[PDB]
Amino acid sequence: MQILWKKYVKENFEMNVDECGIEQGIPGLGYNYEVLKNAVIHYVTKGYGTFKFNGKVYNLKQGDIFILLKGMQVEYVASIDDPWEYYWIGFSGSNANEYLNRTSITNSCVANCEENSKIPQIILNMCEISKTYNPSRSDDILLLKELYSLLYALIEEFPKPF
C-alpha cells in the first residue's frame, strides 16, 4: 500500500493541486478502475509494471510516465519479479486542461523522459513540499508555481506540432 498520499482542498478552478503520492507496488497488486479524478501524472522511479488502456498494454520501467484522465478505464499492475515504485501528482482546473491539450503525451497517455528531463525533479520537489505542507508559510503558492513548471516542462519535452 501507499507510503504517502496527500489530498488537498479543491479551492481553485483555473489551476489546483488535488493530490500527490508515493507507492511501492506489491507483486500480485494492481488497480483496475474508471478514473474519477481530472488528471493524475505518474512517474516510475524503480522497477517494472504494466499500464493498460483501450486494449494496449505498455511495459514501463524507471524513467517512464503515464497519465490518468477522467473517464479512462485503466489497469496498472506491479511486475511480479521487480515491482515498480511510482510518484504521482493529481491536478485540475481550466488552465491545466488547456495546457494538457498542448502536449503529445495526452495522445497515448504514456511517455519516456530523457535522463536530463526536468519532469522527474519537479514531481520529486512537489512531493517534498507535500510532506511538511504549510499554507501559513505560502507552500500553496510554491505548489502552484511547481505545477505551472511541470505543465511547461511536459509541453517543452513532448510538444504537439506548431
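The term rigid core refers to the maximal set of C-alpha atoms that superpose within 1.5 Å between the two forms. Numbering starts at 1 and runs along the sequence shown.
Taking the root mean square of CA deviations in 4 other deposited structures of this protein after fitting on the rigid core, 28-36 and 59-67 differ, and the farther of the two is 28-36. When 66-74 is weighed against 27-35, 27-35 comes out higher, by mean CA B-factor as recorded in the entry.
In this crystal structure, the stretch out of 132-140 and 47-55 whose C-alpha atoms carry the higher mean B factor is 132-140.
Considering 110, 96, 113, 40 together, the PDB entry gives 113 the largest C-alpha B factor. Residue 14 sits in the lowest third of its chain by CA B factor, as recorded in the PDB entry.
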